[PDB]
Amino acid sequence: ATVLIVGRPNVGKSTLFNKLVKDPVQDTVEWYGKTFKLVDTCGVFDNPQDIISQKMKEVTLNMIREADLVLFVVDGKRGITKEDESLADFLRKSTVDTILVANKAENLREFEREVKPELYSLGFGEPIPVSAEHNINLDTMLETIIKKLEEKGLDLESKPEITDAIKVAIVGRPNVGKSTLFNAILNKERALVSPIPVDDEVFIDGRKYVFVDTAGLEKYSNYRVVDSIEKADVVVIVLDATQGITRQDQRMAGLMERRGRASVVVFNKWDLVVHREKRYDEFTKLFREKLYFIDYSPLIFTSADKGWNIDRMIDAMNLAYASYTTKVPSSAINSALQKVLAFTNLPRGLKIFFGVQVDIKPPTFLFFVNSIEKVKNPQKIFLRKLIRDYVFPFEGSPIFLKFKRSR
């Protein structure tokens, strides 16, 4: 389920957001084991009456309709303003279920006397008085949100069930420990080579995986490496911690990123590294400087020989795949974009109007801009980073960008 916080500037949306999720514009709220996604839409829907284009109005309406519920926040001390009225009109038009929340209403007696009456004119019934800053009545509001979501038949308890097998490729230079690592996985009770009558179907934790080109688990073509990367969803690149990161490792990483595969980076033979426990920062910096191409990848320190961190490697593959298949609300993408652009000046005459996610495997976003030629590498790095920083980290997954010229 997804809940959107809507409201004009300075009504306390950020404070309310931070209080509910316990800065990003999207996060999760937990309630007695039940959860839902929360999005502070910031100013994405401000001045809706100023949208001239019918297409743009329809796109904006679809953004709000992504929500199962909207928390329409107004200022309980100041009262109704023209901006609250325009937002109210847009929300009513959208027909999306909405809860009117009057923040800054700690002084209940004054609120009901001076402001509550006028709030009825917004068309959403009686407002729920709360105080995000003083943590007042937030529990009653939450209970109300949960009830409404459940009444709509939404499941706030079960985590989405995966249907496809997760294809994994284990790659790396000869002798780094690929074969040993693959067998280390198979030796654990949580894994099992499918008993059901060049790949291997493997079950781990009750989930289905396909480890590609397992036959291997002088060199000239490396056709298997390229083929394996293409076939996989998640690619585990294994490095020999005693050797560091070679140029060939960098080439494989570049290939992984260009093909848009999820990934996990493993420093194996960690047991052979001297004074190893005092060198995590050193190796992490090496990973960041040599493999920045795929720095979104979890970095696991393993010993395939001693059986160190095989579990962390498996969990990392699961996390990478989860990010690889994650979809985020367009309201969140645009809320983040507008929040950052507020204090960011784009070069040349570049303008980035809005964006939306258009695919997964890998997560791919389309941004509408005034000029495609004005979008250079720094702006692409900038867009991927704001998504990771404010929307969802997408740990383990690359983020692809597409652009469309518009006026």
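When you see a residue number, it is the position in the sequence shown, counting from 1.
According to the record, the deposited sequence contains 10 or more residues between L217 and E218 that were left without coordinates.
Look at the mean CA B-factor for 333-341 and for 112-120 in the entry; the higher one is 112-120.
Set 245-253 against 143-151 and average the Cα temperature factors; 143-151 ends up higher.
Which of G260, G125, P195, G206 has the largest Cα B-factor in the deposited entry comes down to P195.
Within the listed group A132, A88, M317, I237, the record reports its top CA B-factor for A132. When the modelled residues of the chain are ordered by C-alpha B-factor, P363 sits in the lowest third.
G79: CA B factor lies in the highest third for its chain, per the PDB record.
Placement of the Cα temperature factor of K13 within the chain: middle third of the modelled residues, per the deposited record. When all modelled residues of the chain are sorted by CA temperature factor, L350 is found within the highest third. For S371, the recorded CA temperature factor ranks within the highest third of the chain's modelled residues.
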